[PDB]
Each structure stands twice: as C-alpha cells, then as structure tokens.
> 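Pasting a structure here, questions to come.
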Amino acid sequence: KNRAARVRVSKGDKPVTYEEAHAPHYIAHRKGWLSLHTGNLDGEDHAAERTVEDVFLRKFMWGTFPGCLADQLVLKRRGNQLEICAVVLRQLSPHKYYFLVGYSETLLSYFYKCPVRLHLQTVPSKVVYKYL
Amino acid sequence: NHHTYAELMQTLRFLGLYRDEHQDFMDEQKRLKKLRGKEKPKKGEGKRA
Amino acid sequence: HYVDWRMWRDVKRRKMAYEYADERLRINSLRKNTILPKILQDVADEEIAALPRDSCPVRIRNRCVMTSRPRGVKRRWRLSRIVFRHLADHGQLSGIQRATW
Amino acid sequence: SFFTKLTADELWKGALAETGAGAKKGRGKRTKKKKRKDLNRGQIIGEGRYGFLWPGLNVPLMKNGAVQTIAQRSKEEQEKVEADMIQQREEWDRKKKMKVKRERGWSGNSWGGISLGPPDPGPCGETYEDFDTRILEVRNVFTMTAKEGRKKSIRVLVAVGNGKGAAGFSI
Amino acid sequence: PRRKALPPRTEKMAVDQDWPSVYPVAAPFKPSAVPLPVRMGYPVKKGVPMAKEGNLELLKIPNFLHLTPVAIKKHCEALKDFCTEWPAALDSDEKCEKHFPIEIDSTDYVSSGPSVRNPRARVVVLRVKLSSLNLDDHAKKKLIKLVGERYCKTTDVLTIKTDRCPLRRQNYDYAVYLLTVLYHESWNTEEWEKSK
Amino acid sequence: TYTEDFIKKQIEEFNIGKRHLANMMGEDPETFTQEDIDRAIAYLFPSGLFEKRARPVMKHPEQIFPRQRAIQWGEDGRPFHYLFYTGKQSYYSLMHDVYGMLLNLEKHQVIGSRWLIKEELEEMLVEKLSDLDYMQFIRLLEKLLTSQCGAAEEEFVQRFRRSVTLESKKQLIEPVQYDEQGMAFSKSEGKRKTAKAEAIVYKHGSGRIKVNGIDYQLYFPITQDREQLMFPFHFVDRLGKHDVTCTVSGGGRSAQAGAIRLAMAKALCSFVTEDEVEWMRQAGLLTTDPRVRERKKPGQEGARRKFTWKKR
Amino acid sequence: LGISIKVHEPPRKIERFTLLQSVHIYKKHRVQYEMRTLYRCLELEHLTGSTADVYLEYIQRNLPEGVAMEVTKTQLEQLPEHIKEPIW
Amino acid sequence: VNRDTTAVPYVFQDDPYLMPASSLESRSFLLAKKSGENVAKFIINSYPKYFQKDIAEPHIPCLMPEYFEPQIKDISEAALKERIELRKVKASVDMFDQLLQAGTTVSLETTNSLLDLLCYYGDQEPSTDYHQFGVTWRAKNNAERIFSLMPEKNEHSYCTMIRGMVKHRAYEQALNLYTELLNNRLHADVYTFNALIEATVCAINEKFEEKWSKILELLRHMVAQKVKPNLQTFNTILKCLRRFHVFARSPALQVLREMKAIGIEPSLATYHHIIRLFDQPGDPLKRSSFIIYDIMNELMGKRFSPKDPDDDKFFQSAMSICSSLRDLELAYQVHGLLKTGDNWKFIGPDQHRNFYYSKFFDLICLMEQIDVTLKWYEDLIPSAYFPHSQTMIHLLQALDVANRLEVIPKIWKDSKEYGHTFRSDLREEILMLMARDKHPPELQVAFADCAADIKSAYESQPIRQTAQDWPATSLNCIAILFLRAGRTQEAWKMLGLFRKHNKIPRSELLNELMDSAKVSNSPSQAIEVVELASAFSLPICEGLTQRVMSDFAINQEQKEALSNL
RNA sequence: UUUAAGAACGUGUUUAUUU
RNA sequence: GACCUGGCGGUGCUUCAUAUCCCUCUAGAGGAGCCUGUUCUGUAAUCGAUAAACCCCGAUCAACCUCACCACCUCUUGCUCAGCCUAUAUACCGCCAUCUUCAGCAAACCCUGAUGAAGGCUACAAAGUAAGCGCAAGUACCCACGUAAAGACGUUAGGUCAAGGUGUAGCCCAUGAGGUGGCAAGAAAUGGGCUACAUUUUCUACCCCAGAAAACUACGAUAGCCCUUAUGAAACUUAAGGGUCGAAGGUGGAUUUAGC
Ligand SMILES: [K+]
Ligand SMILES: [K+]
Ligand SMILES: [K+]
Ligand SMILES: [Mg+2]
Ligand SMILES: [Mg+2]
Ligand SMILES: [Mg+2]
Ligand SMILES: [Mg+2]
Ligand SMILES: [Mg+2]
Ligand SMILES: [Mg+2]
Ligand SMILES: [Mg+2]
Ligand SMILES: [Mg+2]
Ligand SMILES: [Mg+2]
Ligand SMILES: [Mg+2]
Ligand SMILES: [Mg+2]
Ligand SMILES: [Mg+2]
Ligand SMILES: [Mg+2]
Ligand SMILES: [Mg+2]
Ligand SMILES: [Mg+2]
Ligand SMILES: [Mg+2]
Ligand SMILES: [Mg+2]
Ligand SMILES: [Mg+2]
Ligand SMILES: [Mg+2]
Ligand SMILES: [Mg+2]
C-alpha cells in the first residue's frame, strides 16, 4: 500500500486540516504549493539553495513559535524579498508575538542577506476540515 | 555549511530562543540511563585495559 | 556537525580541489599538447602526480546534502530520491507535482 | 546535523511502537509497556541554560515605569533555577505513579461487583442519578474471520437498580 | 481573564470607499481586511467550501487585490510624467531601418532570490543589412567570405553575437569593433586575392 | 446543520460583499451580474487548480449550501403531514396523489423528453430514495400516460420529464471561396497521428494533386498511399474533375496520406450533394482517427507488454 | 501609458522524471514527477528608453510569486563614424 | 493612496488579536518589537561568524555584523586613532598615557580628537546593548587632567572644552575657562559662543534686566571677533528667555526681527520658543491671540526642513494655544499646515502625537457642527491616535447639545474597543444621558440594549483586589432604563442591589415603578416598591404608600405597611 | 456409472505634551 | 455431547472468465556466442534481496574516490556539548511489495436468538437505520473512449536498523577515526537480455521502379589478439575506432513468457 503524506483513517475521533487530509496526487488539483519561487522553472537556476533555505525556515519557525503554529507555513519570494505567512494560535500573549516577529525578521535578514517580513494570522483553534 | 546551522541553533537553544524537540528527547533518554546505570564511562579508564 | 564522516571527507576533498585547481590547470596544459618537447612534458607528468590525492577532482562524490547518500541523487536539488519525495509529496517544492498522462 | 532532526510526534510514534505487527495478535507482553511523556509541559519561552532575561519574552517589559534591558542571571541564581525545575518535575511525575486504591469487587483482578456509576443522562431531560450500576460478568469471546483470524470481542453483563424495587439487567 | 480578539474591520468599511488605500502594495490575503465572503476548498459530502477565516489555500494564492483596474488607471496617471514621446516621423518599420540600420539585442532576466546575477545577460547581438553599408562589388563579395555562416543571403542580414567578455558594455564595444574591422578589411585589397 | 437564521445572515454578507467587489473593479453595483463576479474573483484570486470545485468561489448561499428539509413538527409536537411516520412523507404523498388520479379515470370512463433521473428526483422531494423506489414511481407515471389523461394530468406529468438536446451527426460544409482569377475552391484541415495537412480543393480541375509543391505520384511512391488519395474521389465518382493543392507536415509516410485523405474529403463536401456527404460519413471518410501511440509504463517493456514473468 | 502591445501564448513545456517508490528494492514500482512551465509573451513596439524604464519597473515590481521574466530589448542605433567611409 | 481610516498604523500586525486596542498597547507593542530587534543584534554581534557568509549580489553592507573591538593591538599613533573612532573612552585614555609615557610625539590633531570624545560623554562610556538631577561634570575627571598635560593649545582646544562643560551643567566653570581664552589672544567659534549664552543665564537666578545686559555683551564680543551667528545662536536666546514670561515678551520680538535682518529664516523651533514665552496662564490672553495669528500667516503655505532639534515641538504647542483660545478657524490652519508637503513628520513622537490630536479633536466637538465632528472622529480614530477617556466624554457632551442621542449605543461599543470598558467616569456619564428624558419606543429600546452591556461590565471587573462597587447613579440609571424600555422583569431584580450596597434610590425611580405595577395589577409588586423605600426612610414613601393603598392594595397588606415604618 | 494423484519436524498467537 | 463463525473439500447445481481456464491466434524463452545478475567453488578480503511478492533487484550504476571489506601502520575529549554501516526489521517511525486484473471495513443505535458464541434478507417486501473510509464520481494526457493515477480495513511478525531518525542491548587505547596498498576470480550450474544461424536475406546507392553478393574468402562476435584515440593524476583493465581473426551456430529437448 501507499503511505506517503497520507493520514490513515481511524475510528472518527482524529481531526485533520485541509492540507493534511489530501494526498500527493492532489497537489495541483485540490492543493497548491507551500513555497513559491522560480528555481524549478525551465531555464532557471539555484533551485538547490532555495530548498535548503525553505527546510531551515520551517524548522526555525517551529521551534521559535513552540506550540503556536496552527498549520504549515507559506513561503513567498518576490525578487529579493522573502515573505513568511503563518497561521498561529491565540494562547500566547501579543507582547510575546511582537518580540518574536522582530527577533526572527531581523535574525533571518542577516543570515540570508535579504529583507524578510513575517505575516501572522491568528485563529482561535486549529481549523478542522474533517474527522478521520 | 552544517557547522553554522548546527552551531547557531545550539547557541539559540542555550539562550532560550529556539526549542529543539529532538535534543529534549535524547536529553531525557540520556538522563534515564544514568538512573539505570547505563552511563558513558570515563575515557581511558574503561572496562578494558 | 555534518551527517557522517563520509560527508566530512568529501567536504575536505572539495576544499583541497579548489586550492590546487589553478596549479593543476596550468600543468595539465603542458601535458595536453604535441607542441612542447617530450622532455618537458615528462617533468610535468611528475609534478602533477606529486600533488596530494584529495586535490584530484575525480575523487569528489555528489552526495545528498541532507542524508549523505552517494547514489540516487538528483543533481538539480542535491537531494536523494527519498528526501526529494518527502518534500515533494508534502507540497514543499515549488512547481513539483506528480505526473499522469 | 540540524537537518537530520525530527519532531516530537515522530520521535515518540517510533519509540512507543503502538502500531506494529507485534501488537496485533497478542505477540507482546504488557508487563513493561513504554509510556509517553510530554517534554514541553514545564518549559517556558525564553528560558535557557545561560540564564538570559529577554525583556518582553522571559521577564516583564517595563519595570518601575521604565523598559528593562538585557540582563543575565548569575551563576548562583541560575543554579537555583535548574534545581528548582527538577523538583517541579519529580513532583508532577510522582503524582502519576501514585495509584488509587480502587474498591475491589469479588476479587482483586475480577470485574464482578464493581460499580460503573449512574447511567448516562437521556437527551430529553432524563436522568438516572438514583440508579446504581454493578458488573456481573466480563467474558472475552472470539469469532474466526477470514482475513484477521481470531477476532476478540467483549461480552459484559450488568445490573442497575434504584434500591426501591426497580432493577434490570442487559448485555 | 483571557484577551479577546476584536471584530474584523471589514464591518467598518463602507461600500463607496477607496480600495487602493486598503491594499496599496502586494500583501498576503488578510480575511479581516478583505470584505468579501469568498470561499475556497473542495467540499466534503453534503458540505460547502471552507471559509476564508483560517484558510491556507487563499494564503497560497498570489492575489491581485493591489492591482485593481481603479488603481492601475490611477497609478499610470502619475507615471506619464516619466515617459517620453516616440518620434512621429518613424511611423513604420521600413522607415526605422532607413535612419537606424543597426539593431542591438540584449536580454535581462528577473528571478527570485538574493542574487541578481545571471551569465546569460552578457550576450549582445548586432544585426545589420549589407544594403545599408557603403560597399562595392569586391568589398561585399569579400565580406561575405569572412563572416561565414553569420550572413543570411535570403535576408541579406549580418548577425554578430558576442559573449566573450564578462560585462555587456564590453561585448557591445567588441561587436561594433568587429563590424568596423570587417568593413575596412573588406575594402582593402591584398595581393593573394589575385589568385582567385 | 445550517439553520434558517444562519442562511439569512449569509444572504446579507453576499449582498454587501457584492457591492464591495463592484467598487473594487469600478463597475455599477446595480448592473453587476453573477457572471461578472466569477470574472473578478478569477483575476483577484488566480488559481490554476485543475479541479474547478477547489478554486475560490463567491456565489449565492442558495447555490452553495445544500437544500435542507424544513422542521416537520411544531411546539406542541404534532407533525404537519399525515404521512410523517413513514419517513418518506414526500415520496408517498406523491404516490398517493398519482394513484388517486388513476382511480378517477376509471370512474368517469418523447424524443426530447426523458424521465427524471433518480438523483434529480431526490432534490425535488428533498428525500433520500432507493433504486427500486424510483422504478415503482416511474411505472405509475408511464401507466398514467397510456390512459386518456386530462389536460391537468399532462401538466403534472411534465414536472417529472426533462428535455434532451439531440445532437446532429451532419457534417459541416465549408464556405466556398474565390481566388483572384475567380476560381471556386474550399479549404479544410486533417490530422492523422502527428501529421497535419491543409488541403485546397478547386471546384473545376483536371485531376491534378500537388503535395508541398510536388506532384502526388512523386511524393507518395508507395501505391497504398496513392490509393488513399483516390478513395475520397472514387467513392463519389469524381475522378479527374478537381485540382487539389495541399501541404502536409509532420508524421510519417502513411500518416501524411491519411491526413490528406481527410482534408480533401472535408473540402470536397462543398461541391457535392447532402446525400453524398452523408454517404461519405457512413464510409469513414469524414471522421478523425483517434488511434494514437500509447505511452510506455514504468515496470513494463512497452505500452501493454510486460517483463518476462518467473514463477520460481 | 499609450503603448502598442501584442500578446501571444507560446507552447508549454513539461519536464518529467521518475524515481523509485520504495527505499529498498522493488525496482518495478516507481513514482513519476513533472514540472509544468507555462509561457506568456508580451510584444511591445515603438518605445523610448524612459517609457520602457517606467513600464518595466511598474510590472517587474508587481511580478507575482513563482513568475520569472525574460525581457529582450531591441535597440535602434546608427552607423558609427568609422563606418561611413573607408580609410584605405 | 491615502491613509486607511479602518486600519491601525502600518507598523502593527493587521490582525484583530494583535491589533492594539488601547493607547498603552500601542506603545508597549512597539517596545516589544524593538526589543526583539535588539536581542537579534546582540546575537549577531556576539557571534559574527554565523552571519559572515555573504550570498547577496549586490552586496548589502547594512546586513553584516558590526565589529566594535579594536584590531590593532600594538601601541602607536594609528592604534589610538582606531580606539577614538570606536568611542573607547577608558581604553583610549588609559592607552594615551602609555603613548605619552613612552615619549612618542603626539600630533595636535590626534589629541584634539580625544578631547572631543571626552568633552562630549564627560569621561564616561557610551550606552551599549549589554556588558537627570545634579551636575554631571566632575572636578576629578580626565577631561581636566589631560588638558593640563598638553604642551600646546590652539583655539579648538578651548572651544571643545568650553562646550563640554556647558553641556554637563558646568556653567560656572565654563565662564572661568573662557576668561583664559581671551587672555591667550584667541578667538572662539559660533558653537562655543552658543554654549556661552546658556551659561550666562543658568549660572545665576538674577532679574531679567541684569541678564539682558549680560547677554548683549557676548553678542558685542561675537561681532568683535568676526563671528557670525547662526539659527541656533538665536534659538538659545529665546529658549533661555522663557523663564521671564512677562518681561521677555517684547525683547523676544526684537530677537525675531534681528533674525530676519541677517536673512536667517526662523525654523519651527524659533516660533516654538516664542509662543511658549508669550503664552501664560492668564484669562484674557489678549497678547497671545494676536501673536499666533501673525505667525500662521507667515508660516502658511510653506515646506519645512530640519534645522533645530526642537523643530518637532512646534505643533504640539500651537494647538495648545488654540485650545486655550477656543478658536477653531486657527486650528484648521495649524493642521492644514501639517499636511502640506511632508510637514506631517514634524509632529513628533507618540506622546507628542497623542497630545496634539487630543487638544485638536476636543476643540472640534465643542465648536463645530455635529455632522462634521463625526467625520473627524471616523478619520482620526483609530488610524491617527487612540482616544483617552476624556475625549469620549467631550464627544458625548456634543451629541447631547445636538440632540442626536441615537448614536450613544455606538460610542459605547467603540469605547470598549479602545480600552475604556472599565472607566468609572465614562460609564457614569453615558447612563445619565440616556435616562435623562423619555424617548420613543424604538430609541428607548436601544438604550436598554446598551444599558444591559454597561451592567455586565460592572459585574465582571479585572481588579479583584477590592469588592465590586456599583455607583449610586449607575444603579439608579440601569434600573430606570429597563422600565421605560419595557424590561420590567429585569427592573425588579435590581432592587435588591440598592440596599445590598446601601445605595439610595431616587424618587423618580420609585414614582415610575407605580405604573409598572398598576399596568400589571399585582398588589404584591406594589408593596415591594413600598417596602424598599421604607428601609431607606424616604419621605416620599409614606405619602406614596397611601396612594398605592387607594389604587391597588390588599386589605391585609395595608395594615402591615403602616407598622413597618 | 468414466485413469492416477503420496507426504509437510517441535514450542510460541490476547486485560485494568515641552516646561 | 451439541452448536457459532471462518477456512478447506480430488464438494453439488447454475452462471461466467476475455489476453484468460481449455481449444484457438502472433512473436519469443529453453540450444550456440556474447553482455549481465545469482548460486556454488575459490580468495587474507563487504552487506542486503533471494516461492508467487529475489535474480541489469538497493545501483537513473564499483579503475582510486565511492567503500561499509582484507592486510599493515597510525591517532585518543577525537569534524560534533563526541562517535559506532555494532546486534535486534520478531521493538518501531519513515517509504513500499502482496492479495488489489478485489469491494468491502465500520463507529454510533435498534431488533432477533427464552438477553449464548452470533445473526439481521424477500420491492405485490418479512427489522434493520447508518456517519465516515474505499470503490464510484471527479481530475491529468488527445474527448464521452482508453491509458495513467487512485485503490480502504486487513493478510504474509513480508522488505529495509546499510537513506535518515530511533527504543533496547553492547564497544569507548576501539566494535571509533585516519593513511597506504590490495581482493572483487571461475571447475561448474542457472535467471534475464543482446546479436545470429540467412534469401521477407547480405553489401552499396537511395530512403522504397537499382546494381551486386549468395556455403570452407558465403551468412555469422559488441569475443579474442594488436594498435590508436577520448576521459582522468593514474586505463593489459573503462569507452570509441581501426587492423587482425572468421569460432560456435543450420531455428533449438521436457517445459515455458507476453500480448485485444
Ligand atoms: K530459443
Ligand atoms: K541460451
Ligand atoms: K536467455
Ligand atoms: Mg503500488
Ligand atoms: Mg565519480
Ligand atoms: Mg490481588
Ligand atoms: Mg514491442
Ligand atoms: Mg514419511
Ligand atoms: Mg504439520
Ligand atoms: Mg552478493
Ligand atoms: Mg541474506
Ligand atoms: Mg532479511
Ligand atoms: Mg575502490
Ligand atoms: Mg583506499
Ligand atoms: Mg565501522
Ligand atoms: Mg516485518
Ligand atoms: Mg497503476
Ligand atoms: Mg477512482
Ligand atoms: Mg521477517
Ligand atoms: Mg530484471
Ligand atoms: Mg572486434
Ligand atoms: Mg592521456
Ligand atoms: Mg565473411
């Protein structure tokens, strides 16, 4: 049987998100892409460096906002800019969010040598697409 | 450069700004093996000689 | 802090091959011709063969940058077939989708 | 390396081995079961080994009407925080180990004679707080299936009563 | 007690407002700012598409909310002061090749990332017809033998492509220099030419 | 579940959002139809997902949320319908009305139309139905038609019939054109495998064919290929009456002939009678051949062949 | 801005490649991937250096995510001075 | 594009949970985001090696680690200059002695660069990421020690030493050091003369007549040494003259006229020091009115550029003058001057910005029509400033004056969204206005839907230190608004809270309770009205009870009523 | 009614404001 | 002793299989040479897969490197707040094979069986109602076709600790790290594949109206031997080309694969 990126059915008590409920054969039919850049286009270059930056960002943000991320990130590149769009929870205090936004935006700008901006969208609870 | 990525995030964890769920895992296992007696020996002064 | 020692040995090889790249280039030019005397070409055959082994570019291996896997590596992403699919199957690689036709 | 590190849910799912071939047909002894532990329970955002105090994250932003600055706890004061974190850990852990003396029935490991409490309330404003439920027999019955083979099912017998002449049983 | 979130500011918006002021530049989809009951997602059995609140699919879209027709027309009205007028004389292409017989091609590449470099940007192409040059029978016959397959007899166009030097200004100079030494050598007559 | 009050609040957000969307695009909120909403949502939120049911949508709540049955009992608790306890009060109230009209008849005494399908009957009744239940109801309706039904009965039966758009398998004639000299001709196109051909057929000619500027017998040395070119004209008895000038590109030897055969036949339909064009269609001269090369699969030697299988 | 523009859609390109489905053995079973590259060419005509400097900056900045651009500029020049007459 | 009225300042996160509601959040949310930028710079400059890799093309110098440590470890003349560019006061001075002890010749342009570093910071280290009252200058400091060591002193030597003393409130010592300058046949610069004017006045608290003569001497010396004054020279005079509010009024104008004479354009700070001087806590304010009107006509239709550090403080003061004068036609010119070109950048920091828009908006509600006051309330708030409890009050006192009390249910919603949910003074003025007079059903039902929300705020209060307290007027108004609306049921449940908290009910609340009972014809309820007032010993109760007994009362209840008194 | 057709080691697979 | 469920039956009746069971079509394998893998043997000298569901399989790939093997030598807080390709795939995550060229799995309720393991259908209807998963529907390629993809719960403690991570156990002057050199062969058997045994052929021209060849100088090696070139620091060794050489082989036993 196939296993990649599939959430196995259960009794019915397990909540899943939209992206987590669709398998790889829906990535261009019912889902989009979590990262958007030009590396993988025909005739373009530096697709390998853009991938290592993505892998590091998803981990930097998972450990920098522990227990706060409601769903996967959405990385966007428009020229020199790098826009990180995240959906976070409302448990943490806003004072601590503004601290981490300025700490991460700055640390990542000096690391990758690019202007970085972070966009948060708070939700009360993790959105549920269905129950498996 | 894996040195930079690993040394940076090791420092950020000691500073309290990055939470490594993986080190916490293997740090808890390495703490339970000391209570069980399975502790790493001293270099040079090992079981063999 | 690299994945394994096999990876670490390739990092050193790529560094030593970058320092002697010009010295090796200039010496090979003498060998790759029928113009200069054989006596001179014989001395250049010994000068480039006395350079360290790790300076030779053929001793470099394109391993995966995440798992250090020597085979099954895609050169465009520098990833192994197993790691590439893990990111592509979760929609983390821009433009990559499954093929059907 | 930093790129060969997984998440907690992936580390625990593999170490517990809850879903495996051994678990399916009684191929594993329940005498020493592995128990999951949450390692982020007693962790505070901004606390580290060096003892740094980040204004806005670890400590209050303003103190005495003025914004604080970056400060680092002393060795003596930082060592008191590590030893105090341990006490909160062991205490929390101890509670779980402590076992309540559940009132046994006819025997220690038997199910008969044990109470289950009052039945669940009905939707149309029905309650059974005056009723008491008690188990009479718990049997493990099997039926052979084509794919799995032995299919274990539980058969239970209970009785309910209010103490005033009303009583009944079911399976 | 717990801090509660304020209601979305889409309710305070009026219908006859100025949208460009809300989305002046490119920005991600903010459901608390876009006053549209837009939904996205594949519905479950006897269900409806997911709402915009918390939807990650709408965040993945590169929206065009900052480029509404009202803004475009308002943006370009302020950009007409930077532009210049095209010579009315040069109406058609036949008249452009009578006063400007040379055409320089050069390509620029725009790609995401921290580095803007691209080695394909140094290339320069120079095209010119031989009918616009002051050549005679001999010079023209000799020029076509030096350039080789750079000349197309069907179109009578000489194509010079230079990608030798790092920068694009150098290759431009190289191409003009090549056109010059070709023109002059073509006119020059040598002794060996007699042995044709 | 979605209540009536919830739907009423969704109707108010769509109306207000419909006026915002018109203010963005610079249109008149009054004359802003649903076709303009779909065009503006595809520009502002461009999604290329292959599934159109997964793209951003801003429609009327009465078309998004599924229709739901109203409450069937009041405060006291008595249902509103006498067939409530059947569970199918709508399906059986219909069967009760139809069977009541069949009793009255006894006392006092299709091409486009298709019977309602099952899935379309559930929406009308807002009830879940089985297959055998659908067949029983359809049997009463047919029985109703056979009898001398009155005017009022016909109107009832027409609520459960749906019109059908009958396609026409009639070839489309090309417009005859005129050249500078004044000669009449017709142009068409053919496609066989990867070969693509454009043919120009003159109304009057001496049976001359030129492919890519070369006479046909030189361009197609193989006799089989020339037989294909002859088939369209021989079938209609017009050999040595027209002049053809075609240009084929791509494909192989035999695919270019079949591609030309199809183009010549399509262009030859303008200089023949309708009855002949129908005969050409029933002979397979006007149909594009869909048989194309099939793809090879991984784990296989070919499109359909498999690797040698070893039992042990 | 008062510019002539023509638009056409060049044919798309699809690059495919296959990979093993399993981590070990099971050669027969593989997974195939593809990257689809779609094109759109905007042919402008009869511009000046300043007008193009403005239009390009306007659209380059608003280039959406995942969209590259190849701008080919065809400049008009005049014959150099040395080309007017021969020196020999 | 223009400012979006529905939004908060760009710097904040556009999200309801992260949007600053109150003005305290607005300031504490940017101080936390600025604190994360400092925590990252601390980490970037403490571990540069992680951020040295540069992949950007073209190079971005502003995104690379800074190196604050000296690299030339040798002792030489060029090794000290590198420690002066990093502002290493302690290392440079401790190393200057070593260089001086060795006997190596030290250039005069190098020893002058050390005095500037010492005369500015006052022999103290600058502020770093991590390691008011009185006179900062000290006698036991290196500034005076090294000054003696020097074998040769030029003009700059004293010029930079005099300015370092005045900066640290060493006025008395600076004047003594200036006497030596004149003794050495030297000439000071404009900057040194500027600091000398501050020392004159600040040194002694003498009468103005004596100070004015003193200042004119320095001016006569400035022209006697071929020194030309600058804008700052004139600004100090005006800033110093502020102490003598009354007397300096006329001298100030003479200074202004002088600035125009030499073709020195007065900046915003110049006009700022004038209005503050002329402005005085007086009732007539005849002189202040005439001054400001003339200044605006001069400033009207101008674009300003930064010249003096105090240029930003102009707008905050000018608005305060208009508020004290209660002139709205002048505030439109002051604010209309702030929008021209890029003058909106001179408004100043947050605290100055909130004060400007408060005096401005508070003057709008009071003076102009209500239909225009509500257009300024939609534009400014919250996009410009977050209001204070007082502004909500003044706005409420304008709706009353315009008889537009149908907006009160909206002013309370916005108040809760701005952090005024638990403001005693505010809730005590919204209820009185709604209950002051009877209103139609449609309008009377809305006030109750708002009075029910104001009541819930009293029940749930963030401060649990003290017991929940209900103002007397509040309970008096919350209950009467339920009756008029029609919520009789809820009107009788508030009766217990009156005596529970010893709060006196008004007679108008009791008098209107009659009809509620009469419409019901439930004598029991009628007695409850009598029982409550009797507890408080109200005189109206006894006379009221008799009327109730006449209209509706059970025989048994009549006898009990009299005895309870 | 209709050719023949043998065999498969032993265990282990379910609870608790400037000033 | 009597039953429930399932499995099995060289168990009955009936209806079927669509490249599938038989009969029936087309081209192959099994014979020869070569390429390549495996098993045995051999060597001081890896590991893993290894009925169907291994055998040009992990490898879209080994002259050094790769490399984990052997011999010799060398280092000890060691590229890493160490490390281990050490044992355990019968502790696991992860990614998969297989039935599947299937259509069923099943929460929550109700009823039957005297309230047993269990079971639950008849449409002119007799107790079943059923969320959800899968099929289906949709989507990709040139459509409505077809091919892909998809394909649940479970079955084989199926495969992989040597992708990586990881529980348990074990080594820590060595089961770790580095250097030099070196083995990867063939008595033998076998799997897959390539090229041939020829005249529907061979060579040349052409790319389909030709001329020659045609049995011991024919057809027939991608083999051997020799030489040259390419890549590389390094080639009797890898690849290409040339020369020389002209072998078996005369369509292949029992048996066997694929294809609408
Ligand atoms: K054979
Ligand atoms: K064979
Ligand atoms: K074979
Ligand atoms: Mg499969
Ligand atoms: Mg290699
Ligand atoms: Mg016991
Ligand atoms: Mg084939
Ligand atoms: Mg036997
Ligand atoms: Mg047996
Ligand atoms: Mg082997
Ligand atoms: Mg084995
Ligand atoms: Mg094995
Ligand atoms: Mg080797
Ligand atoms: Mg070796
Ligand atoms: Mg080892
Ligand atoms: Mg297994
Ligand atoms: Mg398939
Ligand atoms: Mg399907
Ligand atoms: Mg096994
Ligand atoms: Mg094979
Ligand atoms: Mg050969
Ligand atoms: Mg060579
Ligand atoms: Mg021969």
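The sequence lines fix the lettering, A, B, ..., with proteins before strands; numbering per chain opens at 1. Heavy atoms only: backbone and side chains are in, while hydrogens, waters and symmetry mates are out.
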> Six-membered rings of J:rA127 and J:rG128: centres under 5.5 Å apart, planes under 30°?
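As far as the 5.5 Å and 30° test goes, J:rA127 does not stack onto J:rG128.
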> For the adjacent nucleotides J:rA103 and J:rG104, are both criteria met: ring-centre separation under 5.5 Å and interplanar angle under 30°?
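Per the 5.5 Å and 30° rule, J:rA103 does not stack on J:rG104.
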> Sugar at J:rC173: north or south, per the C1'-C2'-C3'-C4' sign?
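South.
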> Answer yes or no: side-chain N or O of D:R30 and base N or O of I:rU15 forming a donor-acceptor pair under 3.5 Å.
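Counting by modelled atom types and ignoring angles, no donor-acceptor contact under 3.5 Å is found here.
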> Judged by modelled atom types alone, do H:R276 and H:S317 share a side-chain donor-acceptor pair under 3.5 Å?
yes
> Which base sits across from J:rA51 as a Watson-Crick or G-U pair, both distances under 3.5 Å?
none
> F:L218 near the nucleic acid: base, sugar-phosphate alone, or nothing, with a heavy-atom cut-off under 4.0 Å?
nothing
> Report the pucker family of J:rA123 (north if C1'-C2'-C3'-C4' is positive, south if negative).
south
> If a positive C1'-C2'-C3'-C4' torsion means north (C3'-endo side) and a negative one means south (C2'-endo side), where does J:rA174 fall?
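By the sign criterion, J:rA174 is south.
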> Determine the interplanar angle of the A:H22 and A:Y129 rings, folded into 0 to 90°, and report it as parallel if under 30°, tilted if 30 to 60°, perpendicular if over 60°.
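Geometry flag for A:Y129 against A:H22: tilted rings.
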> Hey, would you call J:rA59 and J:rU60 stacked, ring centres under 5.5 angstrom, planes off by under 30 degrees?
no
> Can you work out whether G:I25 or F:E167 has the more 5'-proximal nearest nucleotide on RNA chain J?
G:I25
> So which one's nearest nucleotide on RNA chain J is more toward 5', F:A303 or A:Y131?
A:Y131
